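Quick heads-up: it's one chain on its own, the form deposited in one PDB entry, in structure tokens.
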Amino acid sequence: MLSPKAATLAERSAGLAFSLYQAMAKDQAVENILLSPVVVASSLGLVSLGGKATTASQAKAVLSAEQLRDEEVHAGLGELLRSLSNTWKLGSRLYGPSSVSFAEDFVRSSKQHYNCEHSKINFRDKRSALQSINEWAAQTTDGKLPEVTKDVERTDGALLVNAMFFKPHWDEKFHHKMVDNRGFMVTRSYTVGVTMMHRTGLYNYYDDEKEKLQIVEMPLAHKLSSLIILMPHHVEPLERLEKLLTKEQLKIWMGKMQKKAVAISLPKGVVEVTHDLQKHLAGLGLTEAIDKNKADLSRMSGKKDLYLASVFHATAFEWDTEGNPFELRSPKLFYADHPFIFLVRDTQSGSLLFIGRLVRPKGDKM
């Protein structure tokens, strides 16, 4: 159980995660989305720790923590981060140019609250800068996320890299042999070859006949958290369903869910997703930190015009059969052969661990 300050922070982190998801969803260039509320919030936390003036005040403002002491914010976020590690691999590293020396004070507090790593890189050798970043992320995730980016767009600033590996462990496992090859319809005209895992059990279920979708809750190990899937009836873009995706609607839907026999089929595999949150952070209210001529990160370094060039949110999410061990002849069918939205929620608190969408699984494009 979290402190009231850490609990209030957690609420805002999900509010932020939804706002971020929506922003990205609007980008036609975006396919799969994968966001960890807390990791996003700790990126803003780092800006507040590293910044001065509106640069830092905006970070607290996006986090709706303006009525909290700076240390109360860092403590709370650091609490929430620690609460995640008790299947889960997380690394945080700040990359600055070779010419930039990080402030001892900043290094101390960032390591203390955010478990932030610091490294100097040289983008005069792009192959080596990239190799460093990718190698670091690969070790952090033990190879699950081998590459974070193929290119570093902006080289005049600081690079925040968050490498993650998450693997939901079912409270009732899928049988290791209940796996076969199936087509996943990315669009009505494009099918990719995937491996599907199949299982029938009692699950919290809701079929919204009015808004043409299905909602299922798959509890994770020891019912401490659960995975919720929202899938439209038809093979269609997630645009329509995303318009309904609000905190309030989600609450309405969950109230309507009841424990029924459900035949769940999911694409089995690792989904590697890398986001550069920098573009969407300006949209959330973090306008100064991300501009060379606006940014003030003087508490972080003192180097002329250092600004936050990138915020890499790279995640390897694995859908596997593994989970805990141990009427049903006519179950409701929940066959995920087209794009769906998913959430990971902490059972006890209601806090959002993850928000994302699966649009293109890793597989053989037919």
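So that the term is clear: the rigid core is the largest set of C-alpha atoms that superpose within 1.5 Å between two forms. Residue indices: 1-based, along the sequence shown. Shifts are known only where both forms have a C-alpha.
FYI, the form solved in complex with a partner chain isn't displayed, but the following is about it.
- Message: Contact with the partner chain in the entry with it bound for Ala103, defined as at least one heavy atom pair within 4.5 Å: yes or no?
- Response: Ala103 lies outside the contact set for the partner chain.
- So in the entry with it bound, does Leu333 come within 4.5 Å of the partner chain, heavy atom to heavy atom? Although the partner chain is absent here, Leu333 would touch it in the entry with it bound, with heavy atoms inside 4.5 Å.
- Does the 4.5 Å heavy atom contact test between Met185 and the partner chain in the entry with it bound come out positive? Output for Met185 is yes: heavy atoms within 4.5 Å of the partner chain.
- 4.5 Å heavy atom contact, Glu322 to the partner chain in the entry with it bound: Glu322 lies outside the contact set for the partner chain.
- Task: Report yes if all three of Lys177, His198 and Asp337 come within 4.5 Å of the partner chain in the entry with it bound by some heavy atom, otherwise no.
- Result: All of them do, each having a heavy atom within 4.5 Å of the partner.
- Heavy atom within 4.5 Å of the partner chain in the entry with it bound - the one residue of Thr149, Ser119, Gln249, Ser265 that qualifies: After the contact test, the surviving option is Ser265.
- Query: Which one of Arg124, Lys259, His234, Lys223 is close to the partner chain in the entry with it bound, taking close to mean a heavy atom within 4.5 Å?
  - Reply: Result of the distance check: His234.
- Query: Hey, of 134 to 142, 250 to 258, 282 to 290, 177 to 185, which bit sits against the partner chain in the entry with it bound at 4.5 Å between non-hydrogen atoms?
  - Reply: Among the candidates, contact is made by 177 to 185.
- Task: Using the rigid core for the fit, write out the stretches of 3 or more consecutive residues with CA shifts of 2 Å or more between the shown form and the other one, ordered by sequence.
- Result: This is the sole shifted run between the shown form and the other one: 327 to 329.
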